[PDB]
Each structure stands twice: as C-alpha cells, then as structure tokens.
C-alpha cells in the first residue's frame, strides 16, 4: 500500500529497455536467444519500475533437470542507485508467488558469482542455501566461480 515499486510485463515494445538494464547491471552479456526466450516466458520475466522509471528486471525459465521441475532465475537485478529500496525483494517475491500458486516446482535456484557477497546475503535472507560452488562457471570474467543457491519448495 502506497508502494513506489511496480513490476510490469516485458514486451517487444520495452525489451530494449530490459537489454539495456542487463547490460549496465551484469558483468556478462546475454545473447539474442536469451531475449527472444524472455518474450515467451510470460510472468517469469518482469521489469521493475521505481516511480514509473525502469530500474531493474528479473528473467527466469522453467528447468527440467535432476528429475525435478525447477525454477531457474537467470537474472535478477536493480541499478546501483536504486538498491536497498526493496526492488530486489519485490522481484523475488513475484517469482516465489508464481511457484506457490503453481505448486508443481520442487525448488528454485540460480548462480551467484562468489565475489557477490551482497547477492548471497540477499538470497540467504529468503531461505536460499549455498548447495554447491561451481568452479569455472564463467569463462571471460573473474572470479570464474559461482555458488549455486537453492530454495526448496
């Protein structure tokens, strides 16, 4: 009630804004296929607005691996000047809400570069655990290692 944060749908009209946000926020590039897939996942991809200004986004996919139905968060981020305003929480809660309303997901997971202490803190607050550390997950950036964070459902 009175929230300055709103999530909106990703469409062909604003996908360029999502691509721009990811470019600035993330140290790795996402190919044309990632953005094409994003347009087809429905509610699993959203843009976050702060006072109607696009400041972050979340892109997820359904994953069928380890004989499970898993939600894979590919990207979840917010521009640096708008951090610690609850934008990340609003995006994570949106995806946790989808998972709860669907009821067929075993878990939710993502990769977090080991140097991202603030992202590890953020996800651990939501009940995500470090279940593994993947050596050389990244190819062109340092550290190349990524923790796998998972929340069971």
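Residue numbers count along the first chain shown, from 1.
Looking at mean Cα B-factors across 51-59 and 32-40, the upper value is held by 32-40. Here 137-145 and 6-14 are compared by their mean Cα B-factor, and 137-145 comes out higher. In this structure the maximum Cα B-factor among 64, 124, 46, 94 is found at 64. Residue 111 sits in the middle third of its chain by CA B factor, as recorded in the PDB entry. When all modelled residues of the chain are sorted by CA temperature factor, residue 84 is found within the lowest third. Per-chain ranking of the deposited C-alpha B factor places residue 101 in the highest third. Residue 69: CA B factor lies in the highest third for its chain, per the PDB record.
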